[PDB]
Amino acid sequence: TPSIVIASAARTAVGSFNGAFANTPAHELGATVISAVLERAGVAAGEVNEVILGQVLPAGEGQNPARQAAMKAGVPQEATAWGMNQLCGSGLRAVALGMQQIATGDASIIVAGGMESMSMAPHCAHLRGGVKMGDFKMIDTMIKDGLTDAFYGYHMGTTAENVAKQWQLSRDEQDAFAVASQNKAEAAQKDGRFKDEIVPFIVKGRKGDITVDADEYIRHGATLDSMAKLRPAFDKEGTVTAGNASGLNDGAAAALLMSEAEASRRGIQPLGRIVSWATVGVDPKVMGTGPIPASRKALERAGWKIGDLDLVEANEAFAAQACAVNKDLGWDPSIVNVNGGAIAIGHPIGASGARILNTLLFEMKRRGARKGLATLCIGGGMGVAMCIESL
Amino acid sequence: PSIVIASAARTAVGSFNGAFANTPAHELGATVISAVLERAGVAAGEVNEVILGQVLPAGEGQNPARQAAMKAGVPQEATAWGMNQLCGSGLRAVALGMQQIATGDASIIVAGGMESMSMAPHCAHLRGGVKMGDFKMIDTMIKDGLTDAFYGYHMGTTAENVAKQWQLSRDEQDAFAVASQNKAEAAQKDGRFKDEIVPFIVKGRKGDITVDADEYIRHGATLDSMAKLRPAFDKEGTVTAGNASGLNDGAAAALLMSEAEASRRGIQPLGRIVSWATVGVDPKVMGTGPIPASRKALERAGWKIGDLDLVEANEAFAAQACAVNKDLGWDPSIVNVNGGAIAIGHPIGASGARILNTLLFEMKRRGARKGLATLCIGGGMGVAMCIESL
Amino acid sequence: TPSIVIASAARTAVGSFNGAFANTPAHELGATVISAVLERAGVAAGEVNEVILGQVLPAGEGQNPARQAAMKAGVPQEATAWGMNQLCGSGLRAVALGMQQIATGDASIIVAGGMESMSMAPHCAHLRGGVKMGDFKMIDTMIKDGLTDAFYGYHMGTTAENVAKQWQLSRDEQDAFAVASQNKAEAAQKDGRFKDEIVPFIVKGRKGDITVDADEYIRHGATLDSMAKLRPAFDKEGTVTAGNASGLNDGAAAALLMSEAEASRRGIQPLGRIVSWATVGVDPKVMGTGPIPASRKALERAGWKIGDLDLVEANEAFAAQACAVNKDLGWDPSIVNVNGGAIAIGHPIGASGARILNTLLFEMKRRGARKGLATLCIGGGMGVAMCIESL
Amino acid sequence: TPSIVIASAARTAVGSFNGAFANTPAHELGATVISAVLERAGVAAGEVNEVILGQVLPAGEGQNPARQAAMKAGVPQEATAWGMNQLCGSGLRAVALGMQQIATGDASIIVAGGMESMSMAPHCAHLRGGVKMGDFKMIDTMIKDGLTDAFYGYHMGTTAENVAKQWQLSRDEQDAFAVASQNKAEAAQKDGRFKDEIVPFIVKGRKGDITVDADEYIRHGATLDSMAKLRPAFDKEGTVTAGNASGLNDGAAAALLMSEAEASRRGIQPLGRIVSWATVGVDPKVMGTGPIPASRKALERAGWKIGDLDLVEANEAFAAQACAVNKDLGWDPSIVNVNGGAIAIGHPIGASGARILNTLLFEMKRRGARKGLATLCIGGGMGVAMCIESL
Ligand SMILES: CC(C)(COP(=O)(O)OP(=O)(O)OC[C@H]1O[C@@H](n2cnc3c(N)ncnc32)[C@H](O)[C@@H]1OP(=O)(O)O)[C@@H](O)C(=O)NCCC(=O)NCCS
Ligand SMILES: CC(C)(COP(=O)(O)OP(=O)(O)OC[C@H]1O[C@@H](n2cnc3c(N)ncnc32)[C@H](O)[C@@H]1OP(=O)(O)O)[C@@H](O)C(=O)NCCC(=O)NCCS
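In order, the protein sequences belong to chains A, B, C and D. Just so you know, the working numbering puts the end of the first sequence at 406, numbered straight through with nothing missing. Just so you know, the working numbering puts the end of the second sequence at 677, numbered straight through with nothing missing. Just so you know, the working numbering puts the end of the third sequence at 406, numbered straight through with nothing missing. Just so you know, the working numbering puts the end of the fourth sequence at 406, numbered straight through with nothing missing.
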């Protein structure tokens, strides 16, 4: 058996929509986190065989931004690079695909994760035919290609309404979970628990460079009362609000992967061994249930029981879906998203899966957790999961 | 682990703004997915995952690979995703599918590529807002598909770079394009694309139209018409519209499973995937990609170049193709025997799966044992895959 | 009492939408008509004091296309020029306004009319504030700024339906009117009656200049059957169709104005004397009724009865409204649009008023008619009318 | 011997580019000024015969914004309305065109002036032919149709440079003039001298209506040093800067006109009698010189010497051109733009001619000036001037 380790890992801070990284291309965020994982493992950019980056919204950024991030990071031209899209699942899925490159003896050293600038996503129109007369639409690729179900034509937040109703999750319960996520994240932030995983990013300016190293979407002093004033965002008699869904965000996150024996030759003390992974499909109307079969198949492939897990990162696309997954799987909620989740931290789609992986790993190192699981729901009706054991 | 291609299908390749001018990529993908199932005799319910290369998905909606999958009747339980190694994507996707199976994560994979260059939109980033002055609406087909991100120029400039390096004449590159057209017109007329093509039905308001012929192939291609063309990228250049491939639409896929599985199902596979490899090269000379990628593929298969019976080497430009032939030194008679991308067209994310199909089906026809498929990639890469027949 | 004459007049052929003049800016057409009126009067460009050109759709054409047209035509930089917009009324209203320049002693020689390139009208969006997220429309300025009612939000065609209903005008009556417009226009064209009024226009090419001197929108051999098969274009239970409405078209048309005393000094035999004009408002919902009060008011001011008129040009925006106007005024339809109207000839919005003035003046001359009237309905609920007498 | 008076007048505050009126359609600003002139004169909306509004940048605003403005202000559907465009000349030219409707007996009561939203001007492109392949430009219509010379291809600011070189006007002279304009405007705003002319405009807001009644573009405490450090904006070795040019601005301004005998019957004390007006062309290259022949011609027509004038408003498109006009005319600079000019106040193009008329009229009344003149330069090479005497 192969045995592949996460040697090192790093993420930018998650930026607020049209905020800190409002004008920063995904691959620039990418390059920073690629350099990061190299430096942190003590491996030279010249040793990297291939870079694999999940990205959902790459229109107008030019040819293969995975290669632009690779090349900017100083990964030599001789290496290879590609992007991929399994939507919200992409940044964790890229990690599993890198693992496979090594397992099959096609690569020795892989940098894998994801990057997203939802800010820099353009508006678009098909205009070759040419428009003889009449208005036409300029389509927001963020919304069209990121947030709109292709089969049912509505937003992801409507899929969360479907799950809410399915599981009979109240507005109060979904708000209670949001305020708890914000509080957990504000606590971890203040306590320095995100410092290890975050690599600062320098936004180059005209009248000044600006170093970003703090998650800017977390709201300080989140109360239940403010949560409860909000209006439903997708259904007028609905439960889901801007306050209990994640936001629109920018960021990047990566992991350096190699064989267990290679990390040992190099004196590297890996963050984890990738024990299993699994991806599964579900009905798109209730895509927020994805993590349930994916996490169960992952655990099955680890040969692990749910109760064996010491720490979980289960992405918070919406408080409605997150509460459902927790309810179903039954794992102790106190070991879930201990430093808060995507409602607080944000949801830079193609990067999210590597973002939460980062957060799991560094917290597993911090508390001395042995066994961890990362899981995400996926628009169009999928889920992805990964099991990690500490060395 | 021994992973075979059970079956393969591709759409005909359309001309830019032509047969598929208003057909979303994923509808071309779905036809190709259903065709691989049907040809193998495998139920859609049995597919674990669909992996589709695609370079130009803007505005087509969430995860068009999943859209293709669902429209093809693959149940909601399966998974799907897209990937982009530019022109390698459609072949790389097949290596990626093979890997899912070789690591025991999946049993049956459909893999390939899909591209509508015609449906690629224009775009601009407009959230900041344009306070004053003119701005550009960007052709994502050009920006995201054909322009080098490091040097800022069109792929055809990289093909010029290779032409100067390998001292390839305008006559030589024209000779290669006329030769590719003649081969592809002969093949077409001879019925040699029939097997590999699945017809696609363009749904219309005043009539459905069935597309089952590659419409970019030009009939009666003469050196004269080639020799009159003006260079397309350098005013003192050698690259033209006629000795470069085109902008095109299409899909192409393969059904992958283990060799033991194929035999349990009584399926006579198109080939066993013996190796593959991808390597990087200077972006400036990206057309050279197939050189290191086919040597590494050949070294991983444990084959010599002389062992190959048939080769598909994608013709992005006459100059890069001639260059790769010259260095690898394989018999040009066994290379793109039914023509190439110059004649056939070059639907970016689909090309690698396109040339795979041609190779597989021609191998079966003429009874070749060992084949190789390879492509150059924008940004400076190569991908290659070694196939042996059962 | 000041007396102003129309010394000379000319118009381009009226181009089909995206047809002969598809890529010709409105001011190039205008310049040709300016040159033509000068040459027909025996007046030099040096002598013009001001150019006044109606134009509804100048977006993207640059600073003040009226000045562009004047300068191209050799009118000296010491002259002045300006555009105006009273929608369909514009090309006729420009004439009245140029008569007023002379009447108040501010100018001696005016060129006035209108020009329009519906073909070259752009699509637009307000983008300065930025579009933070979600789709936006690229608006067709031709439809938005030319053809849509600003108050009720519907197309001019809907105002036509409102008039069809009010006056109980059958589909059969409108279609017959439309077929009669085509057939009269075709006859006039074939017999050479548009030759005098038309100045040929040279579309400069690349692989060859093309001279345009024939109205291209006129359908030859128009049948009642073909009119009858068309579907209503604005209201699914409607009566107004593409066939019994005017079209989208390009063209220019002008008049050279001076005092009666000045024409006499120059030895010019003028096309006519401007005896009166008028403009009046009506309800936007039935804008097609504008010509009713405008004509009555114009006639009152001239001291004429409806029965005094020898020829009439009443613009055919739509068969419904044309029929309503004829019914209410009660003038002999055999003297109205004797050479066809806009259903056949086309409707280059800002040019149309001076286009039907041209047609009226050259027909008055041909047939020896002493008294004429030109009138148009106007988007937003107005009418304009002018009374002309022969010298 | 017709004598037309200005019965009442009003303007909005002039907003900054994308400032107070950033999302306010021009006709909304026009409607408030229409209402204000009516209330100020004691004339009812029912009595208005026509509304005439200069406007250069109406693209995307829909059919005939002048009619939109009128209708909004409650001017009856039976009145008429139209827009016109002689660039910077427009708002003043409309007042002359308004005068002429009364003089020729075609109307009794006119509201005339101008309105402009430079902020709301869209970007556009001609897309009907259709873009086969490649990038294309979205054109800024405010720059294209408002600010760029159609003959020479360069900005109005280059024409200012040409005037600077011809009249040898230093950077120090232009900057001193600019600072003076700011400091005069600031003192006037502070002392309340814009109150009488300004009608407050209510900007309707989701989370609050905002009343705008102060000119927001005037810089308070403007320093010479601030002006001196700017880089030339149009030529690298040039002299014209963003500081000694006018701005991009939004606003509206109008005058209610009637015969002198009519104002007498109603007991209205008019703001002034329109004694004369003129418009003349110059070389487009030196368009800022337009006020010179236009003001001389206007004075000739009034039978006045330059020395008879008690107050002048000479629009400050650029310091360079304002200086050249003042030098050539030789009028006492202490009677010119007494309360500041467009450098400070701003330049909402189609409204500007009416804006400066408002300032002249209310300052004439305040100080008891008997004889006044308003003039502006005009893109494409023209000037317009009007003479006003007090009753
Ligand atoms: C009415 C209008 C919307 C129709 O535009 P359109 O549908 O794009 O024009 P088309 O020519 O394609 O009309 C559809 C059909 O009518 C047919 N046609 C028009 N008149 C016909 C007639 N005389 N007999 C037979 N066919 C006729 C065309 O051949 C066409 O056929 P197709 O569908 O096969 O191409 C457009 O002309 C319009 O907005 N005009 C009104 C303009 C206006 O209101 N001007 C301002 C005045 S207030
Ligand atoms: C001149 C022009 C091109 C400048 O464009 P701009 O760069 O977008 O204008 P900005 O305000 O952003 O830039 C001017 C700078 O000088 C400063 N500035 C402006 N006026 C100033 C003054 N009076 N004193 C000191 N500084 C001043 C501003 O603060 C700004 O500095 P900043 O960017 O650090 O904030 C533009 O205003 C213009 O086209 N105006 C001319 C209008 C015209 O031609 N009208 C028609 C006449 S025919």
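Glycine residues also receive a C-beta, built at the ideal position from the N, C-alpha and C atoms.
Simplified DSSP assignment, three categories, for residue i
| i | result |
| --- | --- |
| D:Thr374 | helix |
| residue 451 of chain C | Past the boundaries of the shown model lies residue 451 of chain C; chain C is included only from 16 to 406, so the question cannot be answered. |
| A:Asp250 | coil |
| D:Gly128 | strand |
| C:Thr27 | coil |
| D:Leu391 | strand |
| A:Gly287 | strand |
| D:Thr47 | helix |
| A:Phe192 | helix |
| C:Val255 | coil |
| A:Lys380 | helix |
Residue i versus residue j - alpha carbon distance
| i | j | result |
| --- | --- | --- |
| C:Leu245 | C:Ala37 | 26 Å |
| C:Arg186 | C:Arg382 | 33 Å |
| A:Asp347 | A:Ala195 | 15 Å |
| A:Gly161 | A:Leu107 | 17 Å |
| B:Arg551 | B:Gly399 | 24 Å |
| A:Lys147 | C:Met133 | 11 Å |
| C:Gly172 | C:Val327 | 24 Å |
| C:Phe249 | C:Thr174 | 10 Å |
| A:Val110 | A:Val20 | 11 Å |
| B:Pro518 | C:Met135 | 32 Å |
| B:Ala580 | B:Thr565 | 5 Å |
| B:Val611 | C:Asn79 | 59 Å |
Strand pairing of residue i, partner residues [DSSP]
| i | result |
| --- | --- |
| B:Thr509 | B:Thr509 pairs with nothing; no bridge assigned. |
| B:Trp563 | B:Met672 |
| A:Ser274 | A:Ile19 |
| B:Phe422 | D:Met153 |
| D:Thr163 | D:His170 |
| C:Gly266 | C:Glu131 |
| A:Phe36 | Partner(s): none; A:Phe36 has no beta bridge. |
| C:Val227 | C:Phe216 |
Own chain, CB closer than 8 Å to residue i, minus 5 neighbours either side, in chain order
| i | result |
| --- | --- |
| B:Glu483 | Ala295, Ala296, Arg297, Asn644, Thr645, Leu647, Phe648 |
| C:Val218 | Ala35, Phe36, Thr39, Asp224, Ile225, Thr226, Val227 |
Own chain, CB closer than 7 Å to residue i, minus 5 neighbours either side, in chain order
| i | result |
| --- | --- |
| C:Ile283 | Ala22, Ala56, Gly57 |
| C:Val71 | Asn100, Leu102, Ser105, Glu131, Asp160, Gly161, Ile364, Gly365 |
Cut-off 6 Å between Cβ atoms - residues of its own chain near residue i, not counting five sequence neighbours on either side
| i | result |
| --- | --- |
| D:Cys402 | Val290, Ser291, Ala313, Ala317, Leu388 |
>> Could you tell me which whole alpha helix (DSSP H) segments of length 4 or greater appear in the segment 565 to 624 of chain B?
In response: Complete alpha helix (DSSP H) runs here, min 4: 577 to 588, 605 to 615.
> Which residue spans inside the segment 326 to 395 of chain B form an unbroken alpha helix (DSSP H) run of at least 4?
Replying inline: Runs of the alpha helix (DSSP H) lying entirely within the segment 326 to 395 of chain B, each at least 4 residues long, are 351 to 358, 376 to 389 in chain order.
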